[PDB]
Every structure is written in structure tokens, then in C-alpha cells.
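Here is the file structure37.pdb (PDB, C-alpha atoms).
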ATOM      1  CA  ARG A  47     168.999  73.592 -38.519
ATOM      2  CA  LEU A  48     171.133  71.785 -41.079
ATOM      3  CA  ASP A  49     174.354  73.044 -39.516
ATOM      4  CA  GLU A  50     173.290  72.351 -35.937
ATOM      5  CA  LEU A  51     172.266  68.822 -36.818
ATOM      6  CA  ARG A  52     175.566  68.411 -38.659
ATOM      7  CA  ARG A  53     177.496  69.367 -35.529
ATOM      8  CA  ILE A  54     175.506  66.858 -33.505
ATOM      9  CA  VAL A  55     176.179  64.375 -36.305
ATOM     10  CA  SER A  56     179.906  64.965 -35.989
ATOM     11  CA  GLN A  57     179.792  64.424 -32.240
ATOM     12  CA  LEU A  58     177.587  61.324 -32.493
ATOM     13  CA  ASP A  59     179.568  59.561 -35.241
ATOM     14  CA  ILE A  60     182.151  58.522 -32.659
ATOM     15  CA  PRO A  61     183.456  54.941 -32.377
ATOM     16  CA  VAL A  62     182.079  52.986 -29.439
ATOM     17  CA  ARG A  63     184.915  52.005 -27.111
ATOM     18  CA  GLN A  64     185.770  48.304 -26.969
ATOM     19  CA  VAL A  65     187.602  46.930 -23.936
ATOM     20  CA  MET A  66     189.412  43.612 -23.596
ATOM     21  CA  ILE A  67     188.543  42.140 -20.195
ATOM     22  CA  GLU A  68     190.931  39.515 -18.850
ATOM     23  CA  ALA A  69     189.787  37.787 -15.677
ATOM     24  CA  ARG A  70     192.048  35.225 -14.044
ATOM     25  CA  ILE A  71     190.925  32.365 -11.815
ATOM     26  CA  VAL A  72     193.379  31.011  -9.249
ATOM     27  CA  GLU A  73     192.446  27.853  -7.346
ATOM     28  CA  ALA A  74     194.793  26.231  -4.846
ATOM     29  CA  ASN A  75     193.735  23.086  -2.994
ATOM     30  CA  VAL A  76     196.077  21.422  -0.510
ATOM     31  CA  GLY A  77     194.999  18.160   1.072
ATOM     32  CA  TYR A  78     196.859  16.159   3.715
ATOM     33  CA  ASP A  79     195.188  13.024   5.064
ATOM     34  CA  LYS A  80     196.781  10.436   7.364
ATOM     35  CA  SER A  81     195.059   7.338   8.779
ATOM     36  CA  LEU A  82     196.464   4.786  11.234
ATOM     37  CA  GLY A  83     194.932   1.367  11.914
ATOM     38  CA  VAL A  84     196.817  -0.411  14.716
ATOM     39  CA  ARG A  85     196.094  -4.104  15.281
ATOM     40  CA  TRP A  86     197.234  -6.370  18.111
ATOM     41  CA  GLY A  87     195.851  -9.823  17.409
ATOM     42  CA  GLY A  88     196.746 -13.083  19.075
ATOM     43  CA  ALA A  89     194.590 -16.184  18.847
ATOM     44  CA  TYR A  90     196.909 -18.130  21.152
ATOM     45  CA  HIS A  91     195.424 -16.536  24.270
ATOM     46  CA  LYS A  92     192.458 -14.995  22.382
ATOM     47  CA  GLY A  93     193.601 -11.384  22.716
ATOM     48  CA  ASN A  94     192.843  -9.394  19.545
ATOM     49  CA  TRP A  95     192.207  -5.664  19.129
TER
ATOM     50  CA  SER B  96     175.060 -11.449  26.347
ATOM     51  CA  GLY B  97     176.727  -8.057  25.972
ATOM     52  CA  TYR B  98     175.089  -5.088  24.329
ATOM     53  CA  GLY B  99     177.516  -2.309  23.387
ATOM     54  CA  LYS B 100     179.273  -4.951  21.267
ATOM     55  CA  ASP B 101     176.870  -7.861  21.790
ATOM     56  CA  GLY B 102     178.517 -11.119  22.773
ATOM     57  CA  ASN B 103     177.107 -14.322  24.251
ATOM     58  CA  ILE B 104     179.544 -17.186  24.510
ATOM     59  CA  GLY B 105     176.866 -19.900  24.862
ATOM     60  CA  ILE B 106     175.478 -19.581  21.320
ATOM     61  CA  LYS B 107     178.981 -19.690  19.913
ATOM     62  CA  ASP B 108     179.581 -22.559  22.296
ATOM     63  CA  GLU B 109     176.969 -24.345  20.238
ATOM     64  CA  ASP B 110     178.995 -23.276  17.216
ATOM     65  CA  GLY B 111     181.965 -24.718  19.068
ATOM     66  CA  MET B 112     180.056 -27.966  19.471
ATOM     67  CA  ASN B 113     179.742 -27.807  15.703
ATOM     68  CA  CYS B 114     183.548 -27.829  15.780
ATOM     69  CA  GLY B 115     183.234 -31.106  17.721
ATOM     70  CA  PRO B 116     184.028 -30.974  21.481
ATOM     71  CA  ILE B 117     182.686 -33.510  23.945
ATOM     72  CA  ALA B 118     180.314 -31.820  26.419
ATOM     73  CA  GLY B 119     178.349 -33.775  29.028
ATOM     74  CA  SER B 120     176.037 -32.399  31.730
ATOM     75  CA  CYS B 121     173.481 -34.727  33.317
ATOM     76  CA  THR B 122     172.454 -32.452  36.210
ATOM     77  CA  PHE B 123     173.195 -28.946  37.402
ATOM     78  CA  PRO B 124     175.702 -30.340  39.970
ATOM     79  CA  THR B 125     177.356 -32.714  37.470
ATOM     80  CA  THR B 126     179.071 -31.570  34.277
ATOM     81  CA  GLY B 127     182.308 -32.172  32.382
ATOM     82  CA  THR B 128     183.735 -31.318  28.982
ATOM     83  CA  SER B 129     186.716 -32.514  26.956
ATOM     84  CA  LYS B 130     188.144 -32.186  23.437
ATOM     85  CA  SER B 131     187.270 -28.487  23.155
ATOM     86  CA  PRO B 132     188.544 -26.808  19.941
ATOM     87  CA  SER B 133     185.989 -23.978  20.116
ATOM     88  CA  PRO B 134     187.746 -21.425  22.365
ATOM     89  CA  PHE B 135     190.768 -20.430  20.281
ATOM     90  CA  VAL B 136     188.908 -20.073  16.987
ATOM     91  CA  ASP B 137     185.463 -19.019  18.122
ATOM     92  CA  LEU B 138     186.804 -16.425  20.550
ATOM     93  CA  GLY B 139     189.639 -15.281  18.255
ATOM     94  CA  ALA B 140     187.287 -14.456  15.400
ATOM     95  CA  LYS B 141     184.417 -13.519  17.734
ATOM     96  CA  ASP B 142     186.532 -11.108  19.800
ATOM     97  CA  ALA B 143     188.264  -9.433  16.861
ATOM     98  CA  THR B 144     186.413  -6.159  17.460
TER
END
For the file at hand, write its structure as C-alpha cells.
Amino acid sequence: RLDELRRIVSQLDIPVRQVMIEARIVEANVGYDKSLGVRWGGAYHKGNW
Amino acid sequence: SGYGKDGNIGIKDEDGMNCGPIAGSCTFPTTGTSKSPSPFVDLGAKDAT
């Protein structure tokens, strides 16, 4: 029993495997916004948009 | 008066009177007005929309 348990002991006393996990986050945001306000105002003949 | 973009000239004609024009109307047949500064300013601002 001693010997059998010793063999199991040898198998069990094994280093647990560490792993370095590197996760990369890539965010790309592209925003294009154009606004046009066109004004035609004349108070001379009262025409104003 | 309008409704989509409400407008009634008569109220702002009273505002025009506040500007100072001479308005006289003694009967429905008889009326006359002079010295009107209300149209260019009242309409120009009023009609900006």
C-alpha cells in the first residue's frame, strides 16, 4: 500500500499549469457630421427664410 | 390667423400702432392710414420663420 500510494503521490505532486492570457480590445469610431443652415433674409421687402 | 405657423397680422398691427402709425377708420366704408412704420419691422421679425 505504501508503494502504491507513493506512486500516486509522485503523479499528484505535479505543478499546476499557469497560463498568461492576453486579451486585446480594439475600438474604432469614425464620425462625420455636416450641417447646413441657409438663410435668405431681406427686411426691405419683408422676404426672410 | 394661420395655424401651421400661426400668424395674424392684426394683433401685430396693434404692435405696429405701438410703433406709432396714424390709423383712422370711422365706418366700414371709410378708413385711411398714414405714417406706418410697422410693416418692415413687424413683418421682418414676424416672418423670419
Determine, using only C-alpha atoms, which residues of chain A have any atom at most 7 Å from an atom of chain B, and tabulate each with its shortest atom pair and distance in Å to one decimal place, rows ordered by chain and then rising number, as a Markdown table.
| residue | atom | partner | partner_atom | distance |
| --- | --- | --- | --- | --- |
| A:89 | CA | B:139 | CA | 5.1 |
| A:90 | CA | B:135 | CA | 6.6 |
| A:92 | CA | B:139 | CA | 5.0 |
| A:94 | CA | B:143 | CA | 5.3 |
| A:95 | CA | B:143 | CA | 5.9 |
Give as a PyMOL selection string the residues that the PyMOL selection byres ((chain B and resi 117) around 8) matches when applied to the coordinates above. chain B and resi 112+115-116+118-119+128-131
Env of residue 96 in chain B: 12 Å cut, atoms = only C-alpha atoms, seq-sep filter 3 positions within chain, self excluded. Answer as a PDB file with C-alpha atoms, keeping the file's coordinate frame.
ATOM      1  CA  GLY B  99     177.516  -2.309  23.387  1.00  0.00           C
ATOM      2  CA  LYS B 100     179.273  -4.951  21.267  1.00  0.00           C
ATOM      3  CA  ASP B 101     176.870  -7.861  21.790  1.00  0.00           C
ATOM      4  CA  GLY B 102     178.517 -11.119  22.773  1.00  0.00           C
ATOM      5  CA  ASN B 103     177.107 -14.322  24.251  1.00  0.00           C
ATOM      6  CA  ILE B 104     179.544 -17.186  24.510  1.00  0.00           C
ATOM      7  CA  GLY B 105     176.866 -19.900  24.862  1.00  0.00           C
ATOM      8  CA  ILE B 106     175.478 -19.581  21.320  1.00  0.00           C
ATOM      9  CA  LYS B 107     178.981 -19.690  19.913  1.00  0.00           C
TER      10      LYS B 107
END
Around all the atoms of range 82-94 of chain A listed in the file, draw an axis-aligned box and extend it by 3 Å on each of the six sides; I want its centre and edge lengths in Å to one decimal, as JSON.
{"center_x": 194.8, "center_y": -6.7, "center_z": 17.8, "size_x": 10.8, "size_y": 28.9, "size_z": 19.0}
